[PDB]
$ cat run29.cif   # mmCIF, C-alpha atoms and all ligand atoms
data_final
#
loop_
_atom_site.label_atom_id
_atom_site.label_comp_id
_atom_site.auth_asym_id
_atom_site.auth_seq_id
_atom_site.Cartn_x
_atom_site.Cartn_y
_atom_site.Cartn_z
CA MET A 1 18.15 -34.88 -61.29
CA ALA A 2 21.68 -35.92 -60.30
CA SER A 3 24.16 -36.46 -63.16
CA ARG A 4 25.82 -39.61 -61.76
CA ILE A 5 24.66 -42.85 -60.16
CA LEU A 6 26.64 -44.78 -57.56
CA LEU A 7 27.81 -48.26 -58.51
CA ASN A 8 28.39 -51.19 -56.18
CA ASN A 9 32.20 -50.72 -56.63
CA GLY A 10 31.93 -47.30 -54.96
CA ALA A 11 32.48 -45.27 -58.13
CA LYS A 12 30.02 -42.84 -59.71
CA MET A 13 28.82 -43.28 -63.29
CA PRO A 14 27.38 -40.49 -65.47
CA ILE A 15 23.78 -41.37 -66.30
CA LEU A 16 24.09 -39.96 -69.85
CA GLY A 17 26.77 -41.32 -72.18
CA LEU A 18 27.54 -41.15 -75.93
CA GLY A 19 27.07 -44.38 -77.92
CA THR A 20 29.53 -45.30 -80.67
CA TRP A 21 28.10 -48.38 -82.42
CA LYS A 22 27.93 -47.64 -86.20
CA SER A 23 29.75 -44.30 -85.77
CA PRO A 24 31.98 -44.18 -88.88
CA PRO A 25 35.69 -44.11 -88.06
CA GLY A 26 36.06 -40.86 -90.05
CA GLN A 27 33.26 -39.13 -88.05
CA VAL A 28 33.58 -40.53 -84.52
CA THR A 29 36.66 -38.53 -83.50
CA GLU A 30 34.80 -35.29 -84.11
CA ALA A 31 31.63 -36.72 -82.51
CA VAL A 32 33.45 -37.58 -79.25
CA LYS A 33 35.35 -34.26 -79.20
CA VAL A 34 32.07 -32.34 -79.60
CA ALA A 35 30.36 -34.55 -76.98
CA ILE A 36 33.06 -33.79 -74.39
CA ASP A 37 32.97 -30.09 -75.26
CA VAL A 38 29.20 -29.93 -74.63
CA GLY A 39 29.21 -31.87 -71.35
CA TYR A 40 29.37 -35.62 -71.96
CA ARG A 41 31.71 -37.43 -69.53
CA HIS A 42 30.81 -41.05 -70.44
CA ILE A 43 31.55 -42.75 -73.75
CA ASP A 44 30.28 -46.28 -74.56
CA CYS A 45 32.67 -48.28 -76.75
CA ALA A 46 33.37 -51.80 -77.90
CA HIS A 47 36.16 -53.60 -79.77
CA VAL A 48 33.62 -55.11 -82.15
CA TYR A 49 32.58 -51.60 -83.28
CA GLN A 50 36.00 -51.29 -85.02
CA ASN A 51 36.38 -47.58 -84.15
CA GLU A 52 38.07 -47.58 -80.72
CA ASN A 53 41.28 -46.11 -82.17
CA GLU A 54 39.42 -43.09 -83.48
CA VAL A 55 37.43 -42.70 -80.25
CA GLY A 56 40.74 -42.78 -78.43
CA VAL A 57 42.15 -39.96 -80.58
CA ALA A 58 39.32 -37.73 -79.38
CA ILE A 59 39.68 -38.67 -75.71
CA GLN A 60 43.43 -38.11 -75.85
CA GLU A 61 43.19 -34.67 -77.43
CA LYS A 62 40.61 -33.47 -74.93
CA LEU A 63 42.80 -34.80 -72.08
CA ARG A 64 45.88 -33.15 -73.67
CA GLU A 65 44.03 -29.89 -74.16
CA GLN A 66 42.87 -30.09 -70.50
CA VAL A 67 39.17 -29.78 -71.45
CA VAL A 68 38.70 -32.57 -68.92
CA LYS A 69 40.74 -34.65 -66.48
CA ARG A 70 40.91 -38.44 -66.78
CA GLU A 71 39.17 -38.85 -63.41
CA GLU A 72 36.19 -36.93 -64.73
CA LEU A 73 35.72 -39.29 -67.69
CA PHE A 74 33.88 -42.61 -67.52
CA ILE A 75 34.98 -44.81 -70.41
CA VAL A 76 33.25 -48.13 -71.03
CA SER A 77 34.23 -50.98 -73.36
CA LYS A 78 33.21 -54.58 -73.87
CA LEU A 79 34.86 -58.01 -74.31
CA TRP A 80 33.81 -59.51 -77.62
CA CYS A 81 32.41 -63.07 -77.80
CA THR A 82 35.52 -64.55 -79.51
CA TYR A 83 37.63 -63.69 -76.45
CA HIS A 84 35.74 -65.50 -73.64
CA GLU A 85 38.72 -67.88 -73.04
CA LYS A 86 40.72 -67.27 -69.88
CA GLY A 87 44.05 -66.78 -71.73
CA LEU A 88 42.45 -64.29 -74.13
CA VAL A 89 40.63 -61.83 -71.82
CA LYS A 90 43.65 -59.79 -70.66
CA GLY A 91 44.94 -59.30 -74.19
CA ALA A 92 41.49 -58.23 -75.48
CA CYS A 93 41.24 -55.68 -72.69
CA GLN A 94 44.79 -54.44 -73.37
CA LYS A 95 44.03 -54.06 -77.11
CA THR A 96 41.05 -51.89 -76.21
CA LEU A 97 43.15 -49.89 -73.72
CA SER A 98 45.86 -49.33 -76.31
CA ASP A 99 43.36 -48.25 -78.94
CA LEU A 100 41.55 -45.89 -76.56
CA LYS A 101 44.94 -44.58 -75.38
CA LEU A 102 44.01 -45.27 -71.76
CA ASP A 103 45.75 -47.07 -68.90
CA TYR A 104 42.48 -48.12 -67.30
CA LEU A 105 38.79 -48.48 -68.21
CA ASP A 106 36.10 -47.29 -65.82
CA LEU A 107 33.88 -50.21 -66.79
CA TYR A 108 34.47 -53.34 -68.85
CA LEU A 109 31.51 -55.51 -69.84
CA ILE A 110 31.06 -59.02 -71.14
CA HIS A 111 29.38 -57.95 -74.40
CA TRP A 112 27.16 -61.04 -74.70
CA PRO A 113 26.81 -64.20 -72.53
CA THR A 114 27.65 -66.29 -75.61
CA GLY A 115 31.26 -67.28 -76.20
CA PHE A 116 32.38 -67.98 -79.77
CA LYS A 117 35.30 -69.92 -81.28
CA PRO A 118 38.40 -67.64 -81.12
CA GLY A 119 39.94 -66.47 -84.38
CA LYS A 120 40.02 -63.46 -86.68
CA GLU A 121 36.31 -63.62 -87.51
CA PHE A 122 33.97 -61.92 -85.01
CA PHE A 123 31.14 -64.32 -86.00
CA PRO A 124 32.72 -67.68 -86.91
CA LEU A 125 30.00 -69.62 -88.72
CA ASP A 126 29.87 -73.31 -89.68
CA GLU A 127 29.41 -74.93 -93.13
CA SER A 128 25.75 -73.95 -92.75
CA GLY A 129 26.06 -70.60 -91.09
CA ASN A 130 25.48 -71.32 -87.40
CA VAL A 131 27.76 -69.47 -84.91
CA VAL A 132 30.55 -71.82 -83.76
CA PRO A 133 30.49 -71.69 -79.93
CA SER A 134 33.37 -71.87 -77.49
CA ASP A 135 33.11 -74.31 -74.57
CA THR A 136 33.73 -71.46 -72.20
CA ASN A 137 31.15 -70.86 -69.60
CA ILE A 138 29.93 -67.59 -68.17
CA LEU A 139 31.55 -68.28 -64.74
CA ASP A 140 35.12 -68.83 -65.94
CA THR A 141 34.80 -65.73 -68.12
CA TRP A 142 33.64 -63.79 -65.08
CA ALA A 143 36.65 -64.98 -63.10
CA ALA A 144 38.87 -63.67 -65.88
CA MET A 145 37.11 -60.32 -65.67
CA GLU A 146 37.71 -60.26 -61.91
CA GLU A 147 41.43 -60.59 -62.47
CA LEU A 148 41.37 -57.41 -64.61
CA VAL A 149 40.15 -55.51 -61.59
CA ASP A 150 42.92 -57.01 -59.46
CA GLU A 151 45.54 -56.05 -62.03
CA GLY A 152 44.38 -52.44 -62.25
CA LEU A 153 43.29 -52.52 -65.87
CA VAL A 154 39.61 -51.80 -65.11
CA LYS A 155 37.87 -50.12 -62.17
CA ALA A 156 34.57 -51.97 -62.60
CA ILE A 157 33.30 -55.03 -64.43
CA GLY A 158 29.83 -55.87 -65.66
CA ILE A 159 27.72 -57.71 -68.18
CA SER A 160 25.53 -56.94 -71.21
CA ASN A 161 22.56 -58.75 -72.77
CA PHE A 162 22.36 -61.13 -69.73
CA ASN A 163 18.92 -62.47 -68.89
CA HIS A 164 17.94 -62.74 -65.26
CA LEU A 165 18.90 -66.37 -64.84
CA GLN A 166 22.35 -65.54 -66.28
CA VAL A 167 22.72 -62.60 -63.91
CA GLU A 168 21.68 -64.98 -61.13
CA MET A 169 24.28 -67.51 -62.23
CA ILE A 170 27.01 -64.92 -61.69
CA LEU A 171 25.58 -63.73 -58.38
CA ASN A 172 25.50 -67.40 -57.23
CA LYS A 173 28.98 -68.18 -58.58
CA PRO A 174 31.10 -70.15 -56.11
CA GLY A 175 33.86 -67.96 -54.83
CA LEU A 176 32.41 -64.79 -56.42
CA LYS A 177 34.86 -61.93 -55.77
CA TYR A 178 33.22 -58.92 -57.45
CA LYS A 179 29.51 -58.61 -58.27
CA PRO A 180 28.68 -57.18 -61.74
CA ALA A 181 28.36 -53.37 -61.40
CA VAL A 182 26.15 -52.95 -64.50
CA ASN A 183 23.96 -54.95 -66.88
CA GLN A 184 23.69 -53.07 -70.20
CA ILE A 185 20.51 -54.06 -72.05
CA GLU A 186 18.29 -52.81 -74.81
CA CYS A 187 15.57 -50.58 -73.38
CA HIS A 188 13.03 -48.10 -74.81
CA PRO A 189 9.23 -47.68 -74.87
CA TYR A 190 8.80 -50.71 -77.25
CA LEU A 191 11.00 -52.95 -75.00
CA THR A 192 10.43 -51.64 -71.49
CA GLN A 193 12.20 -54.44 -69.58
CA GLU A 194 10.29 -54.00 -66.31
CA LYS A 195 11.03 -57.51 -65.01
CA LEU A 196 14.78 -57.58 -65.75
CA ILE A 197 15.27 -54.01 -64.51
CA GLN A 198 13.54 -54.71 -61.22
CA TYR A 199 15.61 -57.88 -60.79
CA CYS A 200 18.93 -56.12 -61.39
CA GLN A 201 18.10 -53.04 -59.35
CA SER A 202 16.93 -55.28 -56.49
CA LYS A 203 20.49 -56.67 -56.49
CA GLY A 204 22.23 -53.25 -56.61
CA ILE A 205 23.21 -53.80 -60.26
CA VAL A 206 22.85 -50.60 -62.31
CA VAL A 207 21.09 -50.96 -65.67
CA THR A 208 22.23 -49.14 -68.79
CA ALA A 209 19.68 -48.67 -71.55
CA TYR A 210 20.99 -49.10 -75.02
CA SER A 211 19.29 -48.24 -78.35
CA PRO A 212 17.09 -45.73 -76.43
CA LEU A 213 16.00 -44.07 -79.70
CA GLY A 214 15.20 -47.46 -81.31
CA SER A 215 18.44 -47.42 -83.38
CA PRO A 216 17.00 -46.05 -86.62
CA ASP A 217 20.43 -46.68 -88.31
CA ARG A 218 20.54 -50.41 -87.35
CA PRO A 219 21.80 -52.29 -90.43
CA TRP A 220 18.80 -54.67 -90.61
CA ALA A 221 16.01 -52.07 -90.30
CA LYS A 222 12.87 -52.67 -92.36
CA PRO A 223 10.44 -49.89 -93.39
CA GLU A 224 7.60 -51.86 -91.68
CA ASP A 225 9.31 -51.84 -88.30
CA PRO A 226 8.02 -49.56 -85.57
CA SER A 227 9.73 -46.20 -85.23
CA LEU A 228 9.93 -44.55 -81.80
CA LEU A 229 11.09 -41.21 -83.13
CA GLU A 230 8.10 -41.05 -85.46
CA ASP A 231 5.46 -42.38 -83.02
CA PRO A 232 2.83 -39.64 -82.80
CA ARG A 233 2.07 -40.49 -79.16
CA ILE A 234 5.66 -39.83 -78.13
CA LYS A 235 5.84 -36.75 -80.32
CA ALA A 236 2.78 -35.45 -78.46
CA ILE A 237 4.46 -35.89 -75.06
CA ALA A 238 7.50 -34.07 -76.44
CA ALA A 239 5.35 -31.25 -77.77
CA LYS A 240 3.65 -30.92 -74.40
CA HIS A 241 7.06 -30.37 -72.82
CA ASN A 242 8.52 -28.27 -75.64
CA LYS A 243 11.31 -30.79 -76.14
CA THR A 244 12.27 -33.04 -79.05
CA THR A 245 11.13 -36.66 -79.31
CA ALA A 246 14.70 -37.77 -78.76
CA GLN A 247 14.95 -35.70 -75.58
CA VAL A 248 11.83 -37.42 -74.22
CA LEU A 249 13.28 -40.85 -75.17
CA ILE A 250 16.52 -40.02 -73.27
CA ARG A 251 14.79 -38.53 -70.22
CA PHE A 252 12.50 -41.62 -69.94
CA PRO A 253 15.16 -44.12 -68.79
CA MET A 254 16.87 -41.45 -66.66
CA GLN A 255 13.69 -41.25 -64.51
CA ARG A 256 13.75 -45.04 -64.07
CA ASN A 257 17.21 -44.72 -62.45
CA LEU A 258 18.86 -46.09 -65.54
CA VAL A 259 21.94 -44.93 -67.40
CA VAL A 260 21.35 -44.18 -71.09
CA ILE A 261 23.66 -44.02 -74.06
CA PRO A 262 22.14 -42.42 -77.16
CA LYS A 263 24.37 -42.53 -80.28
CA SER A 264 24.91 -39.66 -82.69
CA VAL A 265 27.61 -38.47 -85.05
CA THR A 266 25.71 -35.20 -85.78
CA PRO A 267 27.11 -32.24 -83.72
CA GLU A 268 23.73 -30.54 -83.31
CA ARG A 269 22.08 -33.74 -82.11
CA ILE A 270 24.99 -34.56 -79.77
CA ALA A 271 24.36 -31.21 -78.11
CA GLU A 272 20.51 -31.48 -78.22
CA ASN A 273 20.61 -34.96 -76.71
CA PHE A 274 22.51 -33.70 -73.62
CA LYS A 275 19.88 -31.02 -72.86
CA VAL A 276 17.72 -33.36 -70.80
CA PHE A 277 18.46 -32.20 -67.25
CA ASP A 278 16.10 -29.20 -67.47
CA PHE A 279 12.66 -30.88 -67.54
CA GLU A 280 10.65 -33.62 -65.90
CA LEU A 281 8.22 -36.20 -67.26
CA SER A 282 5.25 -36.71 -64.93
CA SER A 283 4.53 -40.12 -63.41
CA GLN A 284 1.53 -40.21 -65.79
CA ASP A 285 3.85 -39.57 -68.72
CA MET A 286 6.17 -42.35 -67.49
CA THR A 287 3.34 -44.88 -67.19
CA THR A 288 2.05 -43.87 -70.59
CA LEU A 289 5.45 -44.41 -72.21
CA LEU A 290 5.76 -47.79 -70.42
CA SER A 291 2.39 -48.77 -71.94
CA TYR A 292 3.91 -48.72 -75.44
CA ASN A 293 5.82 -51.94 -74.72
CA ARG A 294 5.68 -54.53 -77.51
CA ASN A 295 8.73 -56.69 -76.67
CA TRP A 296 10.35 -55.42 -79.88
CA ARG A 297 14.14 -55.85 -80.14
CA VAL A 298 16.72 -54.04 -82.26
CA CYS A 299 19.36 -56.51 -81.22
CA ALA A 300 18.27 -60.10 -81.16
CA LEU A 301 21.60 -61.79 -82.13
CA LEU A 302 19.72 -63.91 -84.65
CA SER A 303 22.76 -65.90 -85.79
CA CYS A 304 23.11 -67.35 -82.30
CA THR A 305 19.68 -68.57 -81.41
CA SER A 306 20.94 -72.19 -80.82
CA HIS A 307 23.90 -71.21 -78.69
CA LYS A 308 23.48 -72.72 -75.22
CA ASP A 309 23.80 -69.28 -73.64
CA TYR A 310 21.54 -67.41 -76.10
CA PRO A 311 19.83 -64.92 -73.74
CA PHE A 312 16.42 -64.24 -75.32
CA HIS A 313 14.56 -67.53 -75.13
CA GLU A 314 13.77 -66.82 -71.43
CA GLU A 315 10.95 -64.40 -70.70
CA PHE A 316 13.43 -62.04 -69.07
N1 LIG B 401 25.65 -53.84 -75.44
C1 LIG B 401 25.16 -54.04 -76.67
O1 LIG B 401 25.01 -55.16 -77.17
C2 LIG B 401 24.71 -52.82 -77.42
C3 LIG B 401 23.90 -52.96 -78.57
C4 LIG B 401 23.39 -51.87 -79.27
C5 LIG B 401 23.76 -50.63 -78.84
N2 LIG B 401 24.70 -50.46 -77.78
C6 LIG B 401 25.20 -49.12 -77.39
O2 LIG B 401 24.09 -48.23 -77.32
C7 LIG B 401 24.33 -47.11 -78.20
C8 LIG B 401 23.02 -46.50 -78.63
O3 LIG B 401 22.22 -47.47 -79.39
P1 LIG B 401 22.15 -47.44 -80.99
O4 LIG B 401 23.43 -46.95 -81.59
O5 LIG B 401 21.69 -48.79 -81.39
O6 LIG B 401 20.95 -46.45 -81.34
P2 LIG B 401 20.19 -45.16 -80.76
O7 LIG B 401 21.08 -44.42 -79.86
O8 LIG B 401 18.86 -45.64 -80.27
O9 LIG B 401 19.88 -44.40 -82.16
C9 LIG B 401 21.01 -43.90 -82.93
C10 LIG B 401 20.38 -43.29 -84.18
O10 LIG B 401 19.51 -42.20 -83.82
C11 LIG B 401 19.96 -41.03 -84.51
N3 LIG B 401 19.75 -39.86 -83.65
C12 LIG B 401 20.52 -39.51 -82.57
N4 LIG B 401 20.05 -38.41 -82.00
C13 LIG B 401 18.98 -38.07 -82.72
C14 LIG B 401 18.11 -36.97 -82.57
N5 LIG B 401 18.25 -35.99 -81.66
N6 LIG B 401 17.12 -36.87 -83.53
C15 LIG B 401 16.95 -37.79 -84.51
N7 LIG B 401 17.74 -38.87 -84.62
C16 LIG B 401 18.76 -38.99 -83.73
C17 LIG B 401 21.42 -41.26 -84.89
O11 LIG B 401 21.71 -40.49 -86.08
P3 LIG B 401 23.12 -39.74 -86.33
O12 LIG B 401 24.17 -40.54 -85.67
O13 LIG B 401 23.21 -39.69 -87.85
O14 LIG B 401 22.91 -38.37 -85.77
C18 LIG B 401 21.41 -42.77 -85.17
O15 LIG B 401 20.88 -43.06 -86.47
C19 LIG B 401 25.22 -47.70 -79.27
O16 LIG B 401 25.77 -46.78 -80.18
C20 LIG B 401 26.16 -48.55 -78.48
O17 LIG B 401 27.12 -47.66 -77.86
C21 LIG B 401 25.14 -51.55 -77.03
#

$ encode --input "run29.cif" --output "structure tokens"
Amino acid sequence: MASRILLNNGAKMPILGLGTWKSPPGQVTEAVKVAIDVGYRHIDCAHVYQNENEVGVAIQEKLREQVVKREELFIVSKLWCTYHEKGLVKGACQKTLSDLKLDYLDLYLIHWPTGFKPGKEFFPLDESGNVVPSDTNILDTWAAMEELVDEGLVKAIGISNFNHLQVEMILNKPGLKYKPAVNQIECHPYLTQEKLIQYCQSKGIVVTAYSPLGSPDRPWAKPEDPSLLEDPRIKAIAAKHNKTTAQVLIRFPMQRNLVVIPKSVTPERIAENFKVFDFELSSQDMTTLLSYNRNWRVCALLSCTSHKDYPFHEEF
């Protein structure tokens, strides 16, 4: 199937990207260089991952070496929660641009709907541990994002971890100038997201699936948690197709018209993970993988469950 999907800003986005959350700063430059060498043209980044400088070193060498042209790359980053204030959004975007060594981003996302007190700490907590919110609302933050488009710093803006009523709030914003191009959400066979995906797609919002392999390196993993990569039912589908389990887990969202961003710092897996355009899951296989849903989340933002904009109390 086609390697890019068209966004509602008129640009095309590669449906397979490289994730960089938890990629160590001393390994991610090589990981991104290898990814671009073996075909990746989309890199998913974020300021809160604390490795954008090192990602940028890789992008800049491959541009300098003329392995790729800037127009052929699709670089994504995300506004962290402590920068939702109007007077802080441009500088947060410009810090990311400087670190990535870019003059524009292809896509910039609000990382979470929850704004936090600005300061040095990414998770400012009170005298009892609760996240300290900011009195920013989603709509003024969105307006700040819209200005970034009008200043040329980003080609597209979007959202991440927004539930459907939060997406709706932006779509119904008075004076809305640019619709979100993307909602990036967790999605895999144990969290299949059928309701939120259908909502977003019905509105021409492209969905990106994060943690598609179930994030086995997540810092809070527990031996007793489910494991997609070890699920014998998914291994059997892989075996049937003579592919790896990870390749089946990456092809699965692709066939739902999603974008997907598997993370690896291992050269062999970076290359393996891109070899997903040569096979097809049947509709039966797709329905079977959807049947594994258990509403299980990797990323539940547990420190923020009382924030007014916490996204995961709503069904979807
Ligand atoms: N918007 C958000 O809030 C949000 C949240 C979470 C994630 N994300 C984005 O989504 C990306 C992907 O999600 P994720 O990092 O949580 O996890 P993931 O992509 O589901 O899983 C990454 C893990 O799987 C391993 N792996 C990769 N390929 C493999 C293969 N072929 N065989 C076996 N294991 C394999 C990696 O190991 P090695 O690296 O050691 O090879 C790493 O431990 C992130 O990196 C980030 O860019 C966004």

$ residues_near_point --input "run29.cif" --point "(43.0, -41.3, -85.5)" --cutoff "9 Å" --atoms "all atoms listed in the file" --output "list in words"
residues 25, 26, 29, 53, 54, 55, 56, 57 and 58 of chain A

$ write_last_selection --input "run29.cif" --atoms "C-alpha atoms" --output "short mmCIF file (atom, residue, chain, number, x, y, z; two decimals), in the coordinates of the input"
data_model
loop_
_atom_site.label_atom_id
_atom_site.label_comp_id
_atom_site.auth_asym_id
_atom_site.auth_seq_id
_atom_site.Cartn_x
_atom_site.Cartn_y
_atom_site.Cartn_z
CA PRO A 25 35.69 -44.11 -88.06
CA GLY A 26 36.06 -40.86 -90.05
CA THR A 29 36.66 -38.53 -83.50
CA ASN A 53 41.28 -46.11 -82.17
CA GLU A 54 39.42 -43.09 -83.48
CA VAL A 55 37.43 -42.70 -80.25
CA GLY A 56 40.74 -42.78 -78.43
CA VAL A 57 42.15 -39.96 -80.58
CA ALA A 58 39.32 -37.73 -79.38
#

$ closest_atom_pairs --input "run29.cif" --of "chain A" --to "ligand LIG 401 (chain B)" --cutoff "7 Å" --atoms "all atoms listed in the file" --output "JSON lines"
{"residue": "A:18", "atom": "CA", "partner": "B:LIG401", "partner_atom": "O17", "distance": 6.8}
{"residue": "A:19", "atom": "CA", "partner": "B:LIG401", "partner_atom": "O17", "distance": 3.3}
{"residue": "A:20", "atom": "CA", "partner": "B:LIG401", "partner_atom": "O16", "distance": 4.1}
{"residue": "A:21", "atom": "CA", "partner": "B:LIG401", "partner_atom": "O16", "distance": 3.6}
{"residue": "A:22", "atom": "CA", "partner": "B:LIG401", "partner_atom": "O16", "distance": 6.5}
{"residue": "A:23", "atom": "CA", "partner": "B:LIG401", "partner_atom": "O12", "distance": 6.7}
{"residue": "A:44", "atom": "CA", "partner": "B:LIG401", "partner_atom": "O17", "distance": 4.8}
{"residue": "A:45", "atom": "CA", "partner": "B:LIG401", "partner_atom": "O17", "distance": 5.7}
{"residue": "A:111", "atom": "CA", "partner": "B:LIG401", "partner_atom": "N1", "distance": 5.6}
{"residue": "A:112", "atom": "CA", "partner": "B:LIG401", "partner_atom": "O1", "distance": 6.7}
{"residue": "A:160", "atom": "CA", "partner": "B:LIG401", "partner_atom": "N1", "distance": 5.2}
{"residue": "A:161", "atom": "CA", "partner": "B:LIG401", "partner_atom": "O1", "distance": 6.2}
{"residue": "A:184", "atom": "CA", "partner": "B:LIG401", "partner_atom": "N1", "distance": 5.6}
{"residue": "A:185", "atom": "CA", "partner": "B:LIG401", "partner_atom": "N1", "distance": 6.2}
{"residue": "A:186", "atom": "CA", "partner": "B:LIG401", "partner_atom": "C3", "distance": 6.8}
{"residue": "A:210", "atom": "CA", "partner": "B:LIG401", "partner_atom": "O2", "distance": 4.0}
{"residue": "A:211", "atom": "CA", "partner": "B:LIG401", "partner_atom": "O3", "distance": 3.2}
{"residue": "A:212", "atom": "CA", "partner": "B:LIG401", "partner_atom": "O8", "distance": 4.2}
{"residue": "A:213", "atom": "CA", "partner": "B:LIG401", "partner_atom": "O8", "distance": 3.3}
{"residue": "A:214", "atom": "CA", "partner": "B:LIG401", "partner_atom": "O8", "distance": 4.2}
{"residue": "A:215", "atom": "CA", "partner": "B:LIG401", "partner_atom": "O6", "distance": 3.4}
{"residue": "A:216", "atom": "CA", "partner": "B:LIG401", "partner_atom": "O15", "distance": 4.9}
{"residue": "A:217", "atom": "CA", "partner": "B:LIG401", "partner_atom": "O15", "distance": 4.1}
{"residue": "A:218", "atom": "CA", "partner": "B:LIG401", "partner_atom": "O5", "distance": 6.3}
{"residue": "A:229", "atom": "CA", "partner": "B:LIG401", "partner_atom": "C15", "distance": 6.9}
{"residue": "A:246", "atom": "CA", "partner": "B:LIG401", "partner_atom": "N5", "distance": 4.9}
{"residue": "A:247", "atom": "CA", "partner": "B:LIG401", "partner_atom": "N5", "distance": 6.9}
{"residue": "A:261", "atom": "CA", "partner": "B:LIG401", "partner_atom": "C7", "distance": 5.2}
{"residue": "A:262", "atom": "CA", "partner": "B:LIG401", "partner_atom": "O7", "distance": 3.5}
{"residue": "A:263", "atom": "CA", "partner": "B:LIG401", "partner_atom": "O7", "distance": 3.8}
{"residue": "A:264", "atom": "CA", "partner": "B:LIG401", "partner_atom": "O12", "distance": 3.2}
{"residue": "A:265", "atom": "CA", "partner": "B:LIG401", "partner_atom": "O12", "distance": 4.1}
{"residue": "A:266", "atom": "CA", "partner": "B:LIG401", "partner_atom": "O14", "distance": 4.2}
{"residue": "A:269", "atom": "CA", "partner": "B:LIG401", "partner_atom": "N5", "distance": 4.5}
{"residue": "A:270", "atom": "CA", "partner": "B:LIG401", "partner_atom": "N4", "distance": 6.6}
{"residue": "A:272", "atom": "CA", "partner": "B:LIG401", "partner_atom": "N5", "distance": 6.1}
{"residue": "A:273", "atom": "CA", "partner": "B:LIG401", "partner_atom": "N5", "distance": 5.6}
{"residue": "A:299", "atom": "CA", "partner": "B:LIG401", "partner_atom": "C3", "distance": 6.3}

$ atom_distance --input "run29.cif" --atom1 "atom CA of residue A:134" --atom2 "atom CA of residue A:157"
21.3 Å

$ residues_near_point --input "run29.cif" --point "(38.6, -63.1, -69.2)" --cutoff "6 Å" --atoms "all atoms listed in the file" --output "ChimeraX atom specification"
/A:84,86,89,141,144-145

$ residues_around --input "run29.cif" --residues "residue A:274" --least-positions-apart "4" --cutoff "9 Å" --atoms "only C-alpha atoms" --output "list in words"
residues 16, 17, 35, 38, 39, 40, 247, 250, 269 and 270 of chain A

$ write_last_selection --input "run29.cif" --atoms "C-alpha atoms" --output "compact mmCIF listing (two decimals), keeping the file's coordinate frame"
# COMPACT_ATOMS: atom_id res chain seq x y z
CA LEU A 16 24.09 -39.96 -69.85
CA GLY A 17 26.77 -41.32 -72.18
CA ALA A 35 30.36 -34.55 -76.98
CA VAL A 38 29.20 -29.93 -74.63
CA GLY A 39 29.21 -31.87 -71.35
CA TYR A 40 29.37 -35.62 -71.96
CA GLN A 247 14.95 -35.70 -75.58
CA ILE A 250 16.52 -40.02 -73.27
CA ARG A 269 22.08 -33.74 -82.11
CA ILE A 270 24.99 -34.56 -79.77

$ residues_around --input "run29.cif" --residues "residue A:311" --least-positions-apart "4" --cutoff "8 Å" --atoms "all atoms listed in the file" --output "ChimeraX atom specification"
/A:113,161-163,166

$ write_last_selection --input "run29.cif" --atoms "C-alpha atoms" --output "mmCIF file, in the coordinates of the input"
data_model
loop_
_atom_site.group_PDB
_atom_site.id
_atom_site.type_symbol
_atom_site.label_atom_id
_atom_site.label_comp_id
_atom_site.auth_asym_id
_atom_site.auth_seq_id
_atom_site.Cartn_x
_atom_site.Cartn_y
_atom_site.Cartn_z
ATOM 1 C CA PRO A 113 26.810 -64.200 -72.530
ATOM 2 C CA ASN A 161 22.560 -58.750 -72.770
ATOM 3 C CA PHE A 162 22.360 -61.130 -69.730
ATOM 4 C CA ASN A 163 18.920 -62.470 -68.890
ATOM 5 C CA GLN A 166 22.350 -65.540 -66.280
#

$ residues_around --input "run29.cif" --residues "residue A:281" --least-positions-apart "4" --cutoff "9 Å" --atoms "only C-alpha atoms" --output "PDB file with C-alpha atoms, in the frame of the given file"
ATOM      1  CA  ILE A 237       4.460 -35.890 -75.060  1.00  0.00           C
ATOM      2  CA  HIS A 241       7.060 -30.370 -72.820  1.00  0.00           C
ATOM      3  CA  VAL A 248      11.830 -37.420 -74.220  1.00  0.00           C
ATOM      4  CA  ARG A 251      14.790 -38.530 -70.220  1.00  0.00           C
ATOM      5  CA  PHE A 252      12.500 -41.620 -69.940  1.00  0.00           C
ATOM      6  CA  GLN A 255      13.690 -41.250 -64.510  1.00  0.00           C
ATOM      7  CA  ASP A 285       3.850 -39.570 -68.720  1.00  0.00           C
ATOM      8  CA  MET A 286       6.170 -42.350 -67.490  1.00  0.00           C
TER       9      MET A 286
END

$ atom_distance --input "run29.cif" --atom1 "atom CA of residue A:96" --atom2 "atom CA of residue A:79"
8.9 Å

$ atom_distance --input "run29.cif" --atom1 "atom CA of residue A:130" --atom2 "atom CA of residue A:304"
6.9 Å

$ closest_residue --input "run29.cif" --among "A:102, A:191, A:181, A:43" --to "residue A:291" --atoms "all atoms listed in the file"
A:191

$ closest_residue --input "run29.cif" --among "A:231, A:226, A:243, A:193" --to "residue A:278" --atoms "all atoms listed in the file"
A:243

$ decode --input "run29.cif" --residues "stretch 185-198 of chain A" --atoms "C-alpha atoms" --output "short mmCIF file (atom, residue, chain, number, x, y, z; two decimals), in the first residue's frame"
data_model
loop_
_atom_site.label_atom_id
_atom_site.label_comp_id
_atom_site.auth_asym_id
_atom_site.auth_seq_id
_atom_site.Cartn_x
_atom_site.Cartn_y
_atom_site.Cartn_z
CA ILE A 185 -2.83 8.17 20.36
CA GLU A 186 -1.80 4.88 21.85
CA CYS A 187 -3.02 2.02 19.64
CA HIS A 188 -2.29 -1.73 19.38
CA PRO A 189 -4.25 -5.00 19.62
CA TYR A 190 -4.77 -4.57 23.43
CA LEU A 191 -6.05 -0.96 22.97
CA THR A 192 -7.73 -0.95 19.59
CA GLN A 193 -9.38 2.49 19.81
CA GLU A 194 -12.19 1.79 17.33
CA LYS A 195 -14.47 4.57 18.60
CA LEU A 196 -11.86 7.38 18.74
CA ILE A 197 -10.34 6.35 15.40
CA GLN A 198 -13.70 6.38 13.64
#
